[PDB]
Structure formats: C-alpha cells, structure tokens
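The block underneath contains the structure these notes are about, expressed in structure tokens.
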Amino acid sequence: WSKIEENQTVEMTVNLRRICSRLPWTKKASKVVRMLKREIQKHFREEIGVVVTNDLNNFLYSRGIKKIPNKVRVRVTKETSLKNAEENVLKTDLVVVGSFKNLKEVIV
RNA sequence: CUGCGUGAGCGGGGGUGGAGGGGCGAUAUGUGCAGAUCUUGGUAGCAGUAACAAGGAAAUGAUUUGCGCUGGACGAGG
C-alpha cells in the first residue's frame, strides 16, 4: 500500500465508471461528487474533509445529468482548514490530459 | 397505618392542609349507580407504527455551473 501525507502533492487517476456502478442511471451525475470524496478518503486512510475545486466540479457535470465521464486525473494536496485552525483538509484539483495510457501514481 | 360491627357502615394514630365542623329527637326531600350503541371531561394500549418531507452541486456562496415550465395585463372574489 501507499498512504501519503506531510506536505506533498500526489497525482492520481480515478475510475468513475467503476466507483459509480451499482447506482441508478438517473442518479450517477447527481451523486458523483460525493462518491469521489469517499474514495479519496479510502485511498489515503484518512478522516479529514475533502475540498473540490470549481474546475473539477464543472468537469464532472459536462456530459449532462445522465452520463458521467469515464476517467479523471486529479492532484491532491493537504493543507490547513479555512473554517477551523487546528485541522487539515485534502484539496483536490483537475489535470487535463488527452490519454490515460501509461499514467501511474506520481509524487512531487 | 390500625380497632369495632353478620352487614349497610362507624372510630382512633402519624404526615399533608390552613378554616370551620358535629351528636340526639321530630320535620322537609332534586335522598344512595357498573351497565341505558347513556351525557360531559380527562387518559391508556395500538405505536415512535401508518402517512408525509429530506429539490443537482462547488470549505465560503451578491461569484461559478446543473435542471423545471407556466410568463405579462383588465374584471369577480379577498
């Protein structure tokens, strides 16, 4: 396994078609942002909250309210909570790509 | 809580209560309740059950984006 924290930025691919199956086709887009937040908390074995950028949010709604695009490449980073002062959050952003081939997990 | 009476009922003791209450003889009665699909008021079980609501999101939301189709005027009525 690989659970990663302490001031870094990881890059990662998520399979939306996979994590959103078992959901009715009228509800895959209406609940897609909430299914993605659960799977980042599982990937890193965390408990803190997740924050989604306005470009990630806009990209998950770009096939209408019935379709849900296939894959997404994201960049995760941990920093301080803007609502409390002692807790952290996982902040996620969008990375634009033309292919998903040979793309592994990266750390900088 | 306790004594007496075959019984209907009648006494005493300790708390509570804060102003009146009885015995005996004759007399006047709107004079004794378990029931009337009785009258009025209060309360259980059923049961936290049936039914109804939880509208797409973005730490923030005068900014960004997703969905629905009545929209604007005169009279009656308010």
Side-chain angles (χ1 to χ4, degrees), chain A residues 1-4 7-108:
Chain A
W1 282 41
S2 298
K3 306 177 294 295
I4 306 165
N7 190 1
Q8 300 136 359
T9 81
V10 190
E11 210 154 325
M12 177 168 65
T13 286
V14 181
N15 195 358
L16 304 159
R17 178 180 287 156
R18 187 188 68 106
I19 69 162
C20 275
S21 70
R22 294 176 191 173
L23 219 49
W25 58 257
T26 52
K27 298 190 77 88
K28 275 143 155 61
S30 277
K31 307 284 168 99
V32 58
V33 161
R34 188 192 214 207
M35 288 305 157
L36 167 143
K37 280 173 177 192
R38 282 184 214 175
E39 298 294 326
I40 285 155
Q41 277 175 320
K42 265 182 162 163
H43 196 258
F44 294 105
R45 284 321 153 190
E46 296 281 43
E47 53 180 25
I48 45 183
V50 192
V51 167
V52 165
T53 281
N54 259 303
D55 278 329
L56 190 39
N57 196 63
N58 283 2
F59 167 78
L60 298 169
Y61 282 97
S62 56
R63 290 185 78 209
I65 193 64
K66 269 168 276 186
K67 300 301 285 190
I68 278 311
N70 194 30
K71 288 182 180 182
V72 72
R73 187 95 170 152
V74 303
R75 172 179 309 175
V76 171
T77 304
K78 166 140 81 167
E79 75 269 12
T80 183
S81 176
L82 197 77
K83 180 183 297 294
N84 199 341
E86 297 299 329
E87 190 75 289
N88 284 130
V89 297
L90 290 149
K91 190 178 180 184
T92 314
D93 202 13
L94 172 82
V95 185
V96 184
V97 294
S99 59
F100 281 98
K101 285 178 181 67
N102 282 106
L103 286 189
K104 269 169 288 297
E105 184 167 355
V106 173
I107 291 185
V108 176

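Values reported hereafter were calculated over all heavy atoms of this structure, with side chains retained and with hydrogens, waters and symmetry mates removed. Sequence lines set the chain letters: A, B, ... in the order given, protein chains first and strands last, and positions in each chain run from 1.
When hydrophobic clusters are built by joining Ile, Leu, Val, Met, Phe, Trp and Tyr residues whose side-chain heavy atoms come closer than 4.5 Å, directly or via intermediates, A:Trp25 is not grouped with A:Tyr61. A:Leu60 is not connected to A:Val97 by any chain of hydrophobic side-chain contacts under 4.5 Å among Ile, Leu, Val, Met, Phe, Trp and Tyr, and they are in different clusters.
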Find every protein N or O atom lying less than 3.5 Å from an N or O atom of nucleotides 64-68 of chain B, and list the pairs.
unit_1: B:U64; atom_1: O2'; unit_2: A:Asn58; atom_2: ND2; d: 3.3

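Between B:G56 and B:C52, the two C1' atoms lie 23 Å apart (nearest whole Å). Comparing the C1' positions of B:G23 and B:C33 gives a spacing of 30 Å, expressed to the nearest Å. The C1' atoms of B:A58 and B:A73 are separated by 40 Å, rounded to the nearest whole Å.
Base stacking between B:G23 and B:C24 is present, with six-membered ring centres under 5.5 Å apart and ring planes under 30° to each other. Base stacking of B:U16 on B:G17: present (ring centres under 5.5 Å, plane angle under 30°). In this step of the strand, B:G72 stacks on B:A73, since the centres of their six-membered base rings are under 5.5 Å apart and the ring planes meet at under 30°. Stacking status of B:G35 with B:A36: not stacked, per the base-ring test of centres under 5.5 Å and planes under 30°. For the adjacent pair B:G41 and B:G42, the base rings count as stacked: centre distance under 5.5 Å, plane angle under 30°.
What you find for A:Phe59 and A:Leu94 is that their closest heavy atoms are CD2-CD1, 3.9 Å.
Rounded to an integer number of Å, the gap from A:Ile40 CD1 to B:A59 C1' is 15 Å. Look at CG on A:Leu23: it is 13 Å from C1' on B:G56, rounded to the nearest Å. Regarding A:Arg63, its CZ atom lies at a distance of 18 Å from the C1' atom of B:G56, rounded to whole Å. If you measure from atom CD1 of A:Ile68 to atom P of B:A57, you get 12 Å, rounded to the nearest angstrom. Atom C1' of nucleotide B:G56 and atom NZ of A:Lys28 are separated by 16 Å, given to the nearest angstrom. Look at NZ on A:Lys27: it is 11 Å from P on B:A54, rounded to the nearest Å. Taking atom CG of A:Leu36 as the reference point, atom P of B:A57 lies 14 Å away to the nearest angstrom. We find that CH2 of A:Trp25 is positioned 14 Å from P of B:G56, with the value rounded to whole Å.
On the basis of its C1'-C2'-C3'-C4' angle being negative, B:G48 carries a south sugar. Sugar pucker at B:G14: north, on the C3'-endo side, as the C1'-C2'-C3'-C4' dihedral is above zero. Here B:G18 counts as south. Its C1'-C2'-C3'-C4' torsion is negative. The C1'-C2'-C3'-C4' torsion of B:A59 is negative, which assigns its sugar to the south, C2'-endo side.
With contacts defined as side-chain heavy-atom distances shorter than 4.5 Å, the pair A:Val72/A:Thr13 does not qualify. Taking the side chain as every heavy atom from C-beta outward, A:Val51 and A:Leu90 never approach each other to under 4.5 Å.
When A:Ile65, A:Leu16, A:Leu23 are each tested for a side-chain contact (heavy atoms from CB on, under 4.5 Å) with A:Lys28, only one passes: A:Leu23.
Residue-level contact check: A:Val32 touches neither bases nor backbone, having no heavy atom under 4.0 Å from any strand. If you check every strand for non-hydrogen atoms under 4.0 Å, A:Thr26 touches nothing. A:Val52 comes within 4.0 angstrom of the backbone, heavy atoms only, and of no base.
Between the A:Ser30 side chain and the A:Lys27 main chain, no donor and acceptor come within less than 3.5 Å of each other.
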Practice problem: Would you check, one step at a time, whether the test side chain to side chain contact (heavy atoms under 4.5 Å, CB included) holds for A:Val50 with A:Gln41? | Solution: CA-CA 8 Å; A:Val50 192; A:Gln41 277 175 320; 4.1 Å; yes
Quiz item: Using Watson-Crick and G-U wobble pairs with both distances under 3.5 Å, what is the 5'-to-3' dot-bracket string of RNA chain B, with [ ] for crossing pairs and | for pairs outside the strand?
Solution: ((((....))))............................................(......)..............
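Using modelled atom types, one finds no donor on one side chain facing an acceptor on the other under 3.5 Å when comparing A:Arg75 with A:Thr9.
Note on A:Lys78 versus A:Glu46: salt bridge recorded, some NZ/NE/NH1/NH2 to OD/OE distance being below 4.0 Å.
The phosphate of B:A59 has OP1 or OP2 within less than 4.0 Å of a side-chain N or O from A:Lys37.
Nearer to the 5' terminus of RNA chain B, by closest-nucleotide assignment, is the contact made by A:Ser30 (compared with the other of A:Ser30 and A:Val51).
Surrounding CZ of A:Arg45 are more than 12 heavy atoms belonging to other residues, nucleotides or ligands, all under 6.0 Å away.
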